[PDB]
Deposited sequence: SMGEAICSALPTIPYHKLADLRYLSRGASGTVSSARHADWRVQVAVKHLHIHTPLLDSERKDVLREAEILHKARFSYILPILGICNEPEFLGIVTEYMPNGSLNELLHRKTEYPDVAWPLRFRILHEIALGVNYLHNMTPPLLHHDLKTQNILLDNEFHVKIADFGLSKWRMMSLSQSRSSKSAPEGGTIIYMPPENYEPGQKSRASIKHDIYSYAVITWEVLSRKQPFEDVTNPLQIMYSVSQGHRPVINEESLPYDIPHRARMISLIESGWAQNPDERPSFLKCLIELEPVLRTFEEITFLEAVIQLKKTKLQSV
């Protein structure tokens, strides 16, 4: 009954456009809104089909608003520019946090587990929509972190509306159920977050990754990839291994993951998150 139109942001109101990153789908730049006095991020690419792609992603973000989804502030739809405008995330992506070990020599476990929990919450919300929305392109580069390192899921270019129950996060290719797609990616992201290593480190051609996963093989789980000092390491490993099970029916729902995670996160006090973020921003200086 209650319907909301996505605001149309005039391009001329976006000032100080500066390149932040160039990806497969577009270019993300920071900017300042002249009227609202806030900083925004602009993702821009035109063939009418790709214009439809951009508009489709904008509408999906608009309908999928939630606490852990990148909040879209508007769409810029002009003759000379087509871009999605979202909140600006000063702390980049989960990828940077996990792998730039000079910037972030230490990332305290409480922060990692809160990130994992919030990814699970956001994706569960998506899967609980009507109809359920399947993200199908989760990766540590899609997960942005706001000023206090809370998750914002992004990149909804590869998405579907029909659930029932780069490629390093893609499940292997019988009767096929693509409801269990996101959970495989989440398993890989979990292994990544807990290991701070690149999945399939020794692989030089991504097709090697496809062949290995199709053969039932996954990122290595041993003391080197996952030290034994990981909180709830056994439960987390079980979560991971069920998440990337070769059979999609063996993979849990995101609700099961939240059920399985709640005690794990409960082991940490809420203040430790803030402490870890302050340690992060202090050691990143100097």
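Gaps without C-alpha coordinates occur at 1-4, 50-54, 175-188, 197-202, 316-317, with positions taken along the deposited sequence from 1.
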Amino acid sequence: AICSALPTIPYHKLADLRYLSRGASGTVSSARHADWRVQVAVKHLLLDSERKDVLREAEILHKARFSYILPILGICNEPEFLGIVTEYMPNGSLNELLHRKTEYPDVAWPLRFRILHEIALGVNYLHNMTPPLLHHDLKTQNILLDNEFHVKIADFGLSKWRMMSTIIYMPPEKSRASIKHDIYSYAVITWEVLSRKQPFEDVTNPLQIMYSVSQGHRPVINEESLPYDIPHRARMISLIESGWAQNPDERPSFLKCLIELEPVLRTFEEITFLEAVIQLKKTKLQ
From here on, numbers count along this sequence of modelled residues.
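If you superpose the two forms and keep the largest set of C-alpha atoms that fall within 1.5 Å, you have the rigid core.
Comparing 120-128 with 204-212 by root mean square Cα distance to the shown form in 6 other deposited structures of this protein, with the rigid core used for the fit, gives 204-212 as the more displaced stretch.
Here 252-260 and 51-59 are scored by the root mean square distance of their C-alpha atoms in 6 other deposited structures of this protein, with each structure fitted by the rigid core; the higher score goes to 51-59. In the record comparison, residue 197 is modelled in each of the other entries of this protein that model the residues flanking it, with no third of them omitting it. In the other compared entries of this protein that model both flanking residues, residue 24 lacks coordinates in at least a third of them. As listed in the deposited structure, the average C-alpha B-factor of 131-139 and of 189-197 is greater for 131-139. The stretch 72-80 shows the higher mean C-alpha B-factor when 105-113 is compared against 72-80 in the entry. The PDB entry assigns the greatest CA B-factor among 65, 44, 218, 232 to 44.
The residue among 224, 241, 50, 260 whose C-alpha atom has the highest B-factor in the PDB entry is 50.
In this PDB entry, residue 56 carries a Cα temperature factor that places it within the highest third of its chain's modelled residues. When the modelled residues of the chain are ordered by their C-alpha B factor, residue 177 lands in the highest third. In the PDB entry, residue 256 places in the lowest third of its chain by CA B-factor. Among the modelled residues of the chain, residue 169 sits in the middle third by CA temperature factor in this PDB entry. Sort the chain's modelled residues by C-alpha temperature factor and residue 245 lands in the middle third, per the entry.
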